[PDB]
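Engineer: File entry.cif follows (mmCIF, N, CA and C atoms):
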```
data_final
#
loop_
_atom_site.label_atom_id
_atom_site.label_comp_id
_atom_site.auth_asym_id
_atom_site.auth_seq_id
_atom_site.Cartn_x
_atom_site.Cartn_y
_atom_site.Cartn_z
N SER A 244 -14.71 23.93 63.67
CA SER A 244 -13.85 25.04 63.29
C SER A 244 -12.69 24.55 62.44
N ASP A 245 -11.63 24.08 63.11
CA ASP A 245 -10.48 23.54 62.40
C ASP A 245 -10.78 22.20 61.75
N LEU A 246 -11.78 21.46 62.25
CA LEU A 246 -12.13 20.17 61.68
C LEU A 246 -12.72 20.31 60.28
N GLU A 247 -13.36 21.44 59.98
CA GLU A 247 -13.90 21.69 58.66
C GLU A 247 -12.95 22.48 57.77
N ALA A 248 -12.18 23.41 58.35
CA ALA A 248 -11.24 24.19 57.56
C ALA A 248 -10.04 23.36 57.14
N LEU A 249 -9.51 22.54 58.04
CA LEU A 249 -8.40 21.66 57.70
C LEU A 249 -8.80 20.50 56.80
N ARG A 250 -10.08 20.10 56.80
CA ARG A 250 -10.55 19.13 55.82
C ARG A 250 -10.49 19.66 54.40
N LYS A 251 -10.76 20.95 54.20
CA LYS A 251 -10.81 21.54 52.87
C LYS A 251 -9.55 22.30 52.49
N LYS A 252 -8.63 22.53 53.41
CA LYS A 252 -7.34 23.10 53.01
C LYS A 252 -6.29 22.03 52.72
N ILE A 253 -6.71 20.78 52.48
CA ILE A 253 -5.78 19.76 52.01
C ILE A 253 -5.70 19.76 50.48
N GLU A 254 -6.85 19.70 49.81
CA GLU A 254 -6.89 19.39 48.39
C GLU A 254 -7.06 20.60 47.47
N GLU A 255 -7.51 21.75 47.98
CA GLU A 255 -7.47 22.95 47.16
C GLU A 255 -6.26 23.82 47.46
N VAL A 256 -5.76 23.81 48.70
CA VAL A 256 -4.48 24.44 49.00
C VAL A 256 -3.39 23.56 48.38
N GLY A 257 -2.71 24.09 47.36
CA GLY A 257 -1.72 23.35 46.60
C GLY A 257 -0.52 22.90 47.41
N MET A 258 -0.12 21.65 47.22
CA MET A 258 0.79 20.99 48.13
C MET A 258 1.42 19.84 47.36
N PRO A 259 2.72 19.58 47.55
CA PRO A 259 3.39 18.57 46.72
C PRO A 259 2.94 17.15 47.04
N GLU A 260 3.21 16.25 46.10
CA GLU A 260 2.69 14.89 46.17
C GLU A 260 3.34 14.08 47.28
N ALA A 261 4.54 14.47 47.71
CA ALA A 261 5.11 13.87 48.91
C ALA A 261 4.40 14.35 50.17
N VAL A 262 3.67 15.46 50.08
CA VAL A 262 3.08 16.08 51.26
C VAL A 262 1.56 15.96 51.16
N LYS A 263 1.05 15.93 49.92
CA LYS A 263 -0.38 15.70 49.71
C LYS A 263 -0.78 14.30 50.17
N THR A 264 0.15 13.34 50.06
CA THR A 264 -0.11 11.99 50.53
C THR A 264 -0.29 11.94 52.05
N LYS A 265 0.57 12.62 52.80
CA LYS A 265 0.38 12.65 54.25
C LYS A 265 -0.76 13.56 54.67
N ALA A 266 -1.06 14.60 53.90
CA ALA A 266 -2.24 15.41 54.17
C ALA A 266 -3.52 14.60 53.97
N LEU A 267 -3.55 13.73 52.97
CA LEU A 267 -4.69 12.85 52.80
C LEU A 267 -4.70 11.71 53.81
N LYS A 268 -3.52 11.23 54.23
CA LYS A 268 -3.49 10.18 55.24
C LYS A 268 -3.83 10.71 56.62
N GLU A 269 -3.71 12.03 56.84
CA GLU A 269 -4.23 12.63 58.06
C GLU A 269 -5.63 13.17 57.88
N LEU A 270 -6.10 13.34 56.64
CA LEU A 270 -7.53 13.49 56.40
C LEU A 270 -8.27 12.21 56.76
N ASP A 271 -7.67 11.06 56.44
CA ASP A 271 -8.22 9.77 56.82
C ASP A 271 -7.89 9.38 58.25
N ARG A 272 -6.74 9.80 58.77
CA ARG A 272 -6.40 9.55 60.17
C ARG A 272 -7.27 10.37 61.11
N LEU A 273 -7.49 11.63 60.79
CA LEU A 273 -8.47 12.43 61.49
C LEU A 273 -9.80 12.28 60.77
N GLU A 274 -10.77 13.12 61.15
CA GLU A 274 -12.18 13.08 60.74
C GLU A 274 -12.87 11.77 61.11
N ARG A 275 -12.23 10.94 61.94
CA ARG A 275 -12.79 9.68 62.40
C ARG A 275 -13.52 9.96 63.70
N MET A 276 -14.72 10.52 63.54
CA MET A 276 -15.74 10.62 64.59
C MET A 276 -15.26 11.52 65.73
N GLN A 277 -14.44 12.51 65.38
CA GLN A 277 -13.60 13.27 66.32
C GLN A 277 -12.77 12.33 67.18
N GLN A 278 -11.80 11.68 66.52
CA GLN A 278 -10.93 10.69 67.15
C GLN A 278 -10.13 11.31 68.29
N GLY A 279 -10.21 10.67 69.46
CA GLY A 279 -9.63 11.22 70.66
C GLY A 279 -8.33 10.57 71.10
N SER A 280 -7.74 9.74 70.24
CA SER A 280 -6.47 9.10 70.56
C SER A 280 -5.37 10.15 70.63
N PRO A 281 -4.33 9.94 71.46
CA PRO A 281 -3.24 10.94 71.56
C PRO A 281 -2.51 11.18 70.25
N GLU A 282 -2.38 10.15 69.41
CA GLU A 282 -1.84 10.34 68.07
C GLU A 282 -2.78 11.19 67.22
N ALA A 283 -4.10 11.07 67.43
CA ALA A 283 -5.03 11.94 66.71
C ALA A 283 -4.96 13.38 67.20
N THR A 284 -4.65 13.61 68.48
CA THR A 284 -4.50 14.98 68.96
C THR A 284 -3.22 15.62 68.43
N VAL A 285 -2.11 14.87 68.45
CA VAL A 285 -0.89 15.44 67.88
C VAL A 285 -0.98 15.49 66.35
N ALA A 286 -1.83 14.67 65.73
CA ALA A 286 -2.09 14.80 64.30
C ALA A 286 -3.02 15.97 64.01
N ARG A 287 -3.88 16.33 64.96
CA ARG A 287 -4.65 17.57 64.85
C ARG A 287 -3.72 18.77 64.87
N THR A 288 -2.69 18.72 65.71
CA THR A 288 -1.62 19.72 65.62
C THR A 288 -0.89 19.63 64.28
N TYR A 289 -0.53 18.41 63.87
CA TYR A 289 0.38 18.16 62.75
C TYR A 289 -0.25 18.51 61.41
N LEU A 290 -1.55 18.31 61.26
CA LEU A 290 -2.25 18.69 60.03
C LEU A 290 -2.29 20.21 59.89
N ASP A 291 -2.38 20.93 61.00
CA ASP A 291 -2.20 22.38 60.96
C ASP A 291 -0.75 22.73 60.63
N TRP A 292 0.21 21.92 61.09
CA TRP A 292 1.60 22.12 60.69
C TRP A 292 1.82 21.85 59.20
N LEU A 293 0.99 21.01 58.60
CA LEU A 293 1.27 20.47 57.27
C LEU A 293 0.35 21.04 56.20
N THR A 294 -0.47 22.03 56.52
CA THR A 294 -1.28 22.69 55.50
C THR A 294 -0.85 24.12 55.23
N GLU A 295 -0.48 24.86 56.27
CA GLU A 295 0.08 26.19 56.09
C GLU A 295 1.57 26.15 55.80
N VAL A 296 2.14 24.96 55.61
CA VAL A 296 3.45 24.89 54.96
C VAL A 296 3.32 25.40 53.52
N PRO A 297 4.11 26.39 53.12
CA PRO A 297 3.79 27.18 51.92
C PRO A 297 4.18 26.48 50.63
N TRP A 298 3.18 26.08 49.86
CA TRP A 298 3.41 25.41 48.60
C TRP A 298 2.35 25.83 47.60
N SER A 299 2.66 25.62 46.32
CA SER A 299 1.98 26.21 45.16
C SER A 299 1.93 27.74 45.26
N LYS A 300 2.98 28.33 45.83
CA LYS A 300 3.07 29.78 45.97
C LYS A 300 4.50 30.26 45.75
N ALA A 301 5.16 29.72 44.72
CA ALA A 301 6.45 30.26 44.32
C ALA A 301 6.27 31.65 43.72
N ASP A 302 7.32 32.45 43.84
CA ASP A 302 7.32 33.80 43.30
C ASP A 302 8.49 33.95 42.35
N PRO A 303 8.36 34.77 41.29
CA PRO A 303 9.14 34.54 40.06
C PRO A 303 10.64 34.68 40.22
N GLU A 304 11.34 33.69 39.71
CA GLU A 304 12.77 33.54 39.88
C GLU A 304 13.48 33.93 38.59
N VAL A 305 14.75 34.30 38.74
CA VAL A 305 15.55 34.83 37.63
C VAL A 305 16.82 34.00 37.51
N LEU A 306 17.07 33.47 36.31
CA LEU A 306 18.25 32.67 36.02
C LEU A 306 19.26 33.40 35.14
N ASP A 307 19.41 34.71 35.33
CA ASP A 307 20.43 35.49 34.64
C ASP A 307 21.38 36.11 35.66
N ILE A 308 22.64 36.26 35.25
CA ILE A 308 23.64 36.84 36.15
C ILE A 308 23.48 38.35 36.30
N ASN A 309 22.79 39.00 35.36
CA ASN A 309 22.75 40.46 35.32
C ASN A 309 21.75 41.01 36.33
N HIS A 310 20.56 40.42 36.40
CA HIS A 310 19.62 40.75 37.46
C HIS A 310 20.11 40.24 38.81
N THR A 311 20.91 39.16 38.82
CA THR A 311 21.53 38.69 40.05
C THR A 311 22.51 39.72 40.61
N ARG A 312 23.18 40.47 39.73
CA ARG A 312 24.14 41.48 40.17
C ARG A 312 23.48 42.64 40.90
N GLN A 313 22.47 43.26 40.29
CA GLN A 313 22.02 44.56 40.76
C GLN A 313 21.08 44.50 41.96
N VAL A 314 20.38 43.38 42.19
CA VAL A 314 19.55 43.30 43.38
C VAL A 314 20.41 43.17 44.63
N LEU A 315 21.49 42.39 44.57
CA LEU A 315 22.43 42.40 45.68
C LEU A 315 23.25 43.68 45.72
N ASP A 316 23.37 44.39 44.60
CA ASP A 316 23.91 45.75 44.66
C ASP A 316 22.99 46.66 45.46
N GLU A 317 21.68 46.48 45.34
CA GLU A 317 20.72 47.20 46.17
C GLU A 317 20.69 46.70 47.61
N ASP A 318 21.05 45.44 47.84
CA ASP A 318 21.02 44.87 49.19
C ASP A 318 22.12 45.43 50.07
N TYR B 147 -41.73 14.35 65.48
CA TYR B 147 -42.56 15.55 65.49
C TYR B 147 -42.21 16.47 64.34
N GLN B 148 -40.92 16.53 63.97
CA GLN B 148 -40.53 17.27 62.77
C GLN B 148 -40.96 16.54 61.51
N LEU B 149 -41.08 15.21 61.57
CA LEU B 149 -41.57 14.45 60.44
C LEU B 149 -43.08 14.55 60.26
N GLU B 150 -43.83 14.81 61.33
CA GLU B 150 -45.28 14.93 61.23
C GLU B 150 -45.71 16.19 60.49
N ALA B 151 -44.90 17.25 60.53
CA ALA B 151 -45.21 18.48 59.83
C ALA B 151 -44.72 18.49 58.39
N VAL B 152 -43.95 17.48 57.98
CA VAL B 152 -43.47 17.40 56.60
C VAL B 152 -44.01 16.20 55.84
N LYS B 153 -44.44 15.13 56.52
CA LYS B 153 -45.05 13.99 55.84
C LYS B 153 -46.48 14.35 55.47
N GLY B 154 -46.84 14.16 54.21
CA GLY B 154 -48.15 14.56 53.74
C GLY B 154 -48.32 16.04 53.54
N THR B 155 -47.23 16.81 53.54
CA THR B 155 -47.27 18.25 53.39
C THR B 155 -46.69 18.63 52.03
N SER B 156 -47.28 19.65 51.40
CA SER B 156 -46.82 20.12 50.10
C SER B 156 -45.58 21.00 50.28
N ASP B 157 -45.17 21.68 49.18
CA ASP B 157 -43.98 22.53 49.09
C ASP B 157 -42.72 21.77 49.50
N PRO B 158 -42.13 20.96 48.62
CA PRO B 158 -40.89 20.26 49.00
C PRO B 158 -39.69 21.17 49.28
N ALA B 159 -39.73 22.44 48.86
CA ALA B 159 -38.70 23.40 49.28
C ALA B 159 -38.79 23.70 50.77
N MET B 160 -40.02 23.86 51.29
CA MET B 160 -40.28 23.85 52.73
C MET B 160 -39.66 22.63 53.40
N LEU B 161 -39.90 21.45 52.83
CA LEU B 161 -39.49 20.20 53.46
C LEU B 161 -37.98 20.05 53.45
N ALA B 162 -37.31 20.59 52.43
CA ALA B 162 -35.86 20.52 52.38
C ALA B 162 -35.21 21.56 53.29
N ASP B 163 -35.64 22.82 53.17
CA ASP B 163 -34.96 23.91 53.86
C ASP B 163 -35.27 23.94 55.35
N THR B 164 -36.40 23.35 55.78
CA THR B 164 -36.70 23.32 57.20
C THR B 164 -35.79 22.33 57.93
N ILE B 165 -35.55 21.16 57.34
CA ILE B 165 -34.72 20.15 57.98
C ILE B 165 -33.23 20.32 57.66
N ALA B 166 -32.88 21.12 56.65
CA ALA B 166 -31.47 21.36 56.37
C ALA B 166 -30.80 22.26 57.41
N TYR B 167 -31.58 22.93 58.26
CA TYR B 167 -30.99 23.66 59.39
C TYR B 167 -30.96 22.81 60.66
N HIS B 168 -31.95 21.93 60.84
CA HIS B 168 -32.15 21.27 62.13
C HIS B 168 -31.05 20.26 62.43
N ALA B 169 -30.67 19.45 61.44
CA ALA B 169 -29.58 18.50 61.64
C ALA B 169 -28.24 19.24 61.69
N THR B 170 -27.34 18.71 62.51
CA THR B 170 -26.08 19.39 62.81
C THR B 170 -24.94 18.72 62.05
N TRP B 171 -24.36 19.46 61.11
CA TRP B 171 -23.14 19.07 60.42
C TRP B 171 -22.39 20.36 60.07
N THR B 172 -21.48 20.28 59.10
CA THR B 172 -20.71 21.44 58.65
C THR B 172 -21.63 22.57 58.17
N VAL B 173 -21.44 23.75 58.78
CA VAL B 173 -22.31 24.90 58.54
C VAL B 173 -22.13 25.43 57.12
N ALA B 174 -20.90 25.37 56.60
CA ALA B 174 -20.63 25.81 55.24
C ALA B 174 -21.33 24.93 54.21
N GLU B 175 -21.51 23.64 54.52
CA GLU B 175 -22.27 22.78 53.62
C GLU B 175 -23.77 23.09 53.68
N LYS B 176 -24.27 23.53 54.84
CA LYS B 176 -25.64 24.02 54.92
C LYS B 176 -25.82 25.30 54.10
N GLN B 177 -24.83 26.19 54.15
CA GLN B 177 -24.88 27.40 53.34
C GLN B 177 -24.76 27.09 51.86
N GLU B 178 -24.00 26.05 51.50
CA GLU B 178 -23.92 25.62 50.11
C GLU B 178 -25.22 24.96 49.65
N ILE B 179 -25.94 24.30 50.56
CA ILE B 179 -27.28 23.81 50.26
C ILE B 179 -28.23 24.98 50.01
N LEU B 180 -28.10 26.05 50.81
CA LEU B 180 -28.82 27.29 50.54
C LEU B 180 -28.42 27.91 49.20
N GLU B 181 -27.15 27.75 48.80
CA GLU B 181 -26.71 28.22 47.49
C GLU B 181 -27.31 27.39 46.36
N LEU B 182 -27.52 26.10 46.59
CA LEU B 182 -28.03 25.20 45.56
C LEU B 182 -29.54 25.42 45.42
N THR B 183 -29.95 26.01 44.31
CA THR B 183 -31.36 26.29 44.06
C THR B 183 -32.12 25.11 43.47
N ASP B 184 -31.43 24.09 42.99
CA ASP B 184 -32.10 22.92 42.43
C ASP B 184 -32.66 22.08 43.57
N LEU B 185 -33.97 21.85 43.55
CA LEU B 185 -34.64 21.20 44.67
C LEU B 185 -34.32 19.71 44.74
N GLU B 186 -34.36 19.03 43.59
CA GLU B 186 -34.02 17.61 43.56
C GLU B 186 -32.55 17.39 43.90
N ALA B 187 -31.68 18.29 43.44
CA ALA B 187 -30.28 18.24 43.84
C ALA B 187 -30.11 18.60 45.31
N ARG B 188 -31.00 19.43 45.87
CA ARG B 188 -30.95 19.71 47.30
C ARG B 188 -31.31 18.47 48.12
N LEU B 189 -32.36 17.76 47.72
CA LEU B 189 -32.75 16.53 48.40
C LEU B 189 -31.68 15.46 48.26
N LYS B 190 -31.08 15.34 47.07
CA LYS B 190 -29.99 14.39 46.88
C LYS B 190 -28.71 14.81 47.60
N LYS B 191 -28.49 16.11 47.81
CA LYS B 191 -27.35 16.56 48.59
C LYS B 191 -27.53 16.23 50.07
N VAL B 192 -28.75 16.41 50.58
CA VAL B 192 -29.06 15.99 51.95
C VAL B 192 -28.90 14.48 52.09
N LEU B 193 -29.37 13.72 51.09
CA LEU B 193 -29.22 12.26 51.10
C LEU B 193 -27.75 11.84 51.02
N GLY B 194 -26.95 12.54 50.22
CA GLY B 194 -25.54 12.19 50.09
C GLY B 194 -24.72 12.53 51.32
N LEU B 195 -25.01 13.68 51.95
CA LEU B 195 -24.36 14.01 53.22
C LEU B 195 -24.79 13.05 54.32
N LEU B 196 -26.06 12.64 54.31
CA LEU B 196 -26.54 11.61 55.22
C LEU B 196 -25.81 10.29 54.98
N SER B 197 -25.58 9.94 53.71
CA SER B 197 -24.87 8.71 53.39
C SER B 197 -23.41 8.77 53.82
N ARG B 198 -22.78 9.95 53.67
CA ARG B 198 -21.40 10.15 54.12
C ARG B 198 -21.29 9.99 55.63
N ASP B 199 -22.21 10.60 56.38
CA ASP B 199 -22.18 10.47 57.84
C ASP B 199 -22.57 9.06 58.29
N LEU B 200 -23.50 8.42 57.58
CA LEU B 200 -23.87 7.04 57.89
C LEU B 200 -22.72 6.07 57.64
N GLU B 201 -21.99 6.21 56.52
CA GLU B 201 -20.87 5.31 56.30
C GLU B 201 -19.72 5.62 57.26
N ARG B 202 -19.60 6.88 57.68
CA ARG B 202 -18.65 7.25 58.73
C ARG B 202 -18.97 6.52 60.04
N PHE B 203 -20.25 6.47 60.42
CA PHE B 203 -20.60 5.81 61.67
C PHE B 203 -20.76 4.29 61.55
N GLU B 204 -21.01 3.75 60.35
CA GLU B 204 -20.88 2.31 60.17
C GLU B 204 -19.42 1.88 60.25
N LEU B 205 -18.50 2.70 59.72
CA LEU B 205 -17.08 2.43 59.93
C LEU B 205 -16.69 2.59 61.39
N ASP B 206 -17.37 3.51 62.10
CA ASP B 206 -17.18 3.65 63.55
C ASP B 206 -17.54 2.37 64.29
N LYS B 207 -18.73 1.81 64.00
CA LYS B 207 -19.11 0.60 64.73
C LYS B 207 -18.34 -0.62 64.24
N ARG B 208 -17.86 -0.61 62.99
CA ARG B 208 -16.98 -1.69 62.53
C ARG B 208 -15.64 -1.68 63.26
N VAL B 209 -14.99 -0.51 63.34
CA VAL B 209 -13.73 -0.41 64.07
C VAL B 209 -13.95 -0.62 65.57
N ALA B 210 -15.14 -0.26 66.07
CA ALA B 210 -15.49 -0.56 67.46
C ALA B 210 -15.60 -2.07 67.70
N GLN B 211 -16.16 -2.81 66.74
CA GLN B 211 -16.15 -4.26 66.84
C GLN B 211 -14.75 -4.83 66.71
N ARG B 212 -13.89 -4.19 65.90
CA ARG B 212 -12.48 -4.59 65.86
C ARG B 212 -11.83 -4.41 67.23
N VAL B 213 -12.11 -3.29 67.89
CA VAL B 213 -11.56 -3.00 69.22
C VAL B 213 -12.13 -3.96 70.26
N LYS B 214 -13.40 -4.33 70.12
CA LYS B 214 -14.03 -5.30 71.02
C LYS B 214 -13.41 -6.69 70.89
N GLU B 215 -13.26 -7.17 69.65
CA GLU B 215 -12.60 -8.46 69.45
C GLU B 215 -11.12 -8.39 69.80
N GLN B 216 -10.51 -7.21 69.66
CA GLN B 216 -9.12 -7.03 70.04
C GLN B 216 -8.94 -7.07 71.55
N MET B 217 -9.87 -6.51 72.32
CA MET B 217 -9.72 -6.60 73.77
C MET B 217 -10.08 -8.00 74.27
N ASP B 218 -10.96 -8.72 73.56
CA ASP B 218 -11.15 -10.14 73.86
C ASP B 218 -9.87 -10.93 73.62
#
```
As structure tokens - that is how I would like this structure written.

Structural biologist:
Amino acid sequence: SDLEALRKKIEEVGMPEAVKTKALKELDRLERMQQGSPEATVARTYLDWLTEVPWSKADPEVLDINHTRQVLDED
Amino acid sequence: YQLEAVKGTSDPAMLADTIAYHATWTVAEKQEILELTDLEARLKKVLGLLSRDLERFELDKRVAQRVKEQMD
């Protein structure tokens, strides 16, 4: 279940290079024959913590003062 | 017994698709094998997934020998 979904949500789910490195190091740390070490179990937790961390999903930002004014006027 | 019905038997699509269900690995990769209509690429995909699992378990027995020499 999660062993196959978390294997493939490392490299197509967009993720920064500081975080893609640990996602790949837990791709290599896990998937080791269903590793049963306690660090592998908390890494099974941690890889789920480190893939649904939201990246490659920015939403459009505005660098003008005029649109900055009126949205907080609506707020 | 599964090899006796495929060795010396025609229809290599039979021979690929019958054993692509029987062995247990990632189900989505089995469905992708069903998606792959190229027969030679299907046989090579089965061989490559077999090679991936074989090198996984050769690394298993290598690290197991590391653990054995480590406990010695």

Engineer: Can you spell out as a list in words the set of residues that the PyMOL selection byres (((chain A and resi 280-293 and name CA) around 9) and name CA) selects in the structure I just provided?

Structural biologist: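 Output of the PyMOL selection byres (((chain A and resi 280-293 and name CA) around 9) and name CA): residues 245, 246, 249, 253, 262, 265, 266, 269, 270, 272, 273, 277, 278, 279, 294, 295, 296 and 297 of chain A.
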
Engineer: What residues come out when you apply the PyMOL selection byres ((chain A) within 8 of (chain B)) to this file, written as a list in words?

Structural biologist: residues 247, 274, 275 and 276 of chain A

Engineer: Show me, as a short mmCIF file (atom, residue, chain, number, x, y, z; two decimals) with N, CA and C atoms, in the frame of the given file, the residues that have an atom within 7 Å of stretch 159-166 of chain B when counting only N, CA and C atoms, minus same-chain residues fewer than 4 positions from it.

Structural biologist:
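Result file selection_2.cif:
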```cif
data_model
loop_
_atom_site.label_atom_id
_atom_site.label_comp_id
_atom_site.auth_asym_id
_atom_site.auth_seq_id
_atom_site.Cartn_x
_atom_site.Cartn_y
_atom_site.Cartn_z
N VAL B 152 -43.95 17.48 57.98
CA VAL B 152 -43.47 17.40 56.60
C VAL B 152 -44.01 16.20 55.84
N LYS B 176 -24.27 23.53 54.84
CA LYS B 176 -25.64 24.02 54.92
C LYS B 176 -25.82 25.30 54.10
N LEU B 185 -33.97 21.85 43.55
CA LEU B 185 -34.64 21.20 44.67
C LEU B 185 -34.32 19.71 44.74
N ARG B 188 -31.00 19.43 45.87
CA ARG B 188 -30.95 19.71 47.30
C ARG B 188 -31.31 18.47 48.12
N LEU B 189 -32.36 17.76 47.72
CA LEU B 189 -32.75 16.53 48.40
C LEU B 189 -31.68 15.46 48.26
#
```

Engineer: Calculate how many Å separate atom C of residue B:191 from atom N of residue B:147, rounding to one decimal.

Structural biologist: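 Those two atoms sit 21.0 Å apart.
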
Engineer: Which distance in Å separates atom CA of residue B:209 and atom CA of residue B:194, to one decimal?

Structural biologist: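 Going from atom CA of residue B:209 over to atom CA of residue B:194 covers 22.2 Å.
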
Engineer: Which value, in Å to one decimal, gives the distance between atom C of residue B:170 and atom N of residue B:201?

Structural biologist: 14.0 Å

Engineer: Where does DSSP see helix (DSSP H, G or I) in chain A, if you list the residues as an NGL selection string?

Structural biologist: :A and (245-251 or 260-272 or 281-292 or 308-317)

Engineer: Reconstruct N, CA, C and O atoms of stretch 188-205 of chain B; output as a PDB file, in the coordinates of the input.

Structural biologist:
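Ended up saving to part_23.pdb:
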```pdb
ATOM      1  N   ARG B 188     -31.000  19.430  45.870  1.00  0.00           N
ATOM      2  CA  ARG B 188     -30.950  19.710  47.300  1.00  0.00           C
ATOM      3  C   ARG B 188     -31.310  18.470  48.120  1.00  0.00           C
ATOM      4  O   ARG B 188     -30.627  18.159  49.110  1.00  0.00           O
ATOM      5  N   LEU B 189     -32.360  17.760  47.720  1.00  0.00           N
ATOM      6  CA  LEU B 189     -32.750  16.530  48.400  1.00  0.00           C
ATOM      7  C   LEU B 189     -31.680  15.460  48.260  1.00  0.00           C
ATOM      8  O   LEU B 189     -31.360  14.755  49.231  1.00  0.00           O
ATOM      9  N   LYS B 190     -31.080  15.340  47.070  1.00  0.00           N
ATOM     10  CA  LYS B 190     -29.990  14.390  46.880  1.00  0.00           C
ATOM     11  C   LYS B 190     -28.710  14.810  47.600  1.00  0.00           C
ATOM     12  O   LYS B 190     -27.929  13.943  47.980  1.00  0.00           O
ATOM     13  N   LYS B 191     -28.490  16.110  47.810  1.00  0.00           N
ATOM     14  CA  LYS B 191     -27.350  16.560  48.590  1.00  0.00           C
ATOM     15  C   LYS B 191     -27.530  16.230  50.070  1.00  0.00           C
ATOM     16  O   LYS B 191     -26.569  15.825  50.735  1.00  0.00           O
ATOM     17  N   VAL B 192     -28.750  16.410  50.580  1.00  0.00           N
ATOM     18  CA  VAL B 192     -29.060  15.990  51.950  1.00  0.00           C
ATOM     19  C   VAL B 192     -28.900  14.480  52.090  1.00  0.00           C
ATOM     20  O   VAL B 192     -28.305  13.995  53.065  1.00  0.00           O
ATOM     21  N   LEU B 193     -29.370  13.720  51.090  1.00  0.00           N
ATOM     22  CA  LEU B 193     -29.220  12.260  51.100  1.00  0.00           C
ATOM     23  C   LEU B 193     -27.750  11.840  51.020  1.00  0.00           C
ATOM     24  O   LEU B 193     -27.336  10.891  51.689  1.00  0.00           O
ATOM     25  N   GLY B 194     -26.950  12.540  50.220  1.00  0.00           N
ATOM     26  CA  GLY B 194     -25.540  12.190  50.090  1.00  0.00           C
ATOM     27  C   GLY B 194     -24.720  12.530  51.320  1.00  0.00           C
ATOM     28  O   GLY B 194     -23.823  11.779  51.704  1.00  0.00           O
ATOM     29  N   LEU B 195     -25.010  13.680  51.950  1.00  0.00           N
ATOM     30  CA  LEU B 195     -24.360  14.010  53.220  1.00  0.00           C
ATOM     31  C   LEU B 195     -24.790  13.050  54.320  1.00  0.00           C
ATOM     32  O   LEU B 195     -23.965  12.678  55.173  1.00  0.00           O
ATOM     33  N   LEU B 196     -26.060  12.640  54.310  1.00  0.00           N
ATOM     34  CA  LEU B 196     -26.540  11.610  55.220  1.00  0.00           C
ATOM     35  C   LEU B 196     -25.810  10.290  54.980  1.00  0.00           C
ATOM     36  O   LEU B 196     -25.449   9.608  55.935  1.00  0.00           O
ATOM     37  N   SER B 197     -25.580   9.940  53.710  1.00  0.00           N
ATOM     38  CA  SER B 197     -24.870   8.710  53.390  1.00  0.00           C
ATOM     39  C   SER B 197     -23.410   8.770  53.820  1.00  0.00           C
ATOM     40  O   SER B 197     -22.847   7.772  54.269  1.00  0.00           O
ATOM     41  N   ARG B 198     -22.780   9.950  53.670  1.00  0.00           N
ATOM     42  CA  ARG B 198     -21.400  10.150  54.120  1.00  0.00           C
ATOM     43  C   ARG B 198     -21.290   9.990  55.630  1.00  0.00           C
ATOM     44  O   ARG B 198     -20.404   9.280  56.130  1.00  0.00           O
ATOM     45  N   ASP B 199     -22.210  10.600  56.380  1.00  0.00           N
ATOM     46  CA  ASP B 199     -22.180  10.470  57.840  1.00  0.00           C
ATOM     47  C   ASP B 199     -22.570   9.060  58.290  1.00  0.00           C
ATOM     48  O   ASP B 199     -22.006   8.537  59.258  1.00  0.00           O
ATOM     49  N   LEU B 200     -23.500   8.420  57.580  1.00  0.00           N
ATOM     50  CA  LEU B 200     -23.870   7.040  57.890  1.00  0.00           C
ATOM     51  C   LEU B 200     -22.720   6.070  57.640  1.00  0.00           C
ATOM     52  O   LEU B 200     -22.488   5.189  58.460  1.00  0.00           O
ATOM     53  N   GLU B 201     -21.990   6.210  56.520  1.00  0.00           N
ATOM     54  CA  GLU B 201     -20.870   5.310  56.300  1.00  0.00           C
ATOM     55  C   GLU B 201     -19.720   5.620  57.260  1.00  0.00           C
ATOM     56  O   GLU B 201     -18.981   4.702  57.646  1.00  0.00           O
ATOM     57  N   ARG B 202     -19.600   6.880  57.680  1.00  0.00           N
ATOM     58  CA  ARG B 202     -18.650   7.250  58.730  1.00  0.00           C
ATOM     59  C   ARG B 202     -18.970   6.520  60.040  1.00  0.00           C
ATOM     60  O   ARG B 202     -18.076   5.944  60.670  1.00  0.00           O
ATOM     61  N   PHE B 203     -20.250   6.470  60.420  1.00  0.00           N
ATOM     62  CA  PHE B 203     -20.600   5.810  61.670  1.00  0.00           C
ATOM     63  C   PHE B 203     -20.760   4.290  61.550  1.00  0.00           C
ATOM     64  O   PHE B 203     -20.604   3.584  62.561  1.00  0.00           O
ATOM     65  N   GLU B 204     -21.010   3.750  60.350  1.00  0.00           N
ATOM     66  CA  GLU B 204     -20.880   2.310  60.170  1.00  0.00           C
ATOM     67  C   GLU B 204     -19.420   1.880  60.250  1.00  0.00           C
ATOM     68  O   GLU B 204     -19.118   0.826  60.816  1.00  0.00           O
ATOM     69  N   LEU B 205     -18.500   2.700  59.720  1.00  0.00           N
ATOM     70  CA  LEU B 205     -17.080   2.430  59.930  1.00  0.00           C
ATOM     71  C   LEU B 205     -16.690   2.590  61.390  1.00  0.00           C
ATOM     72  O   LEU B 205     -15.817   1.874  61.888  1.00  0.00           O
TER      73      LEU B 205
END
```
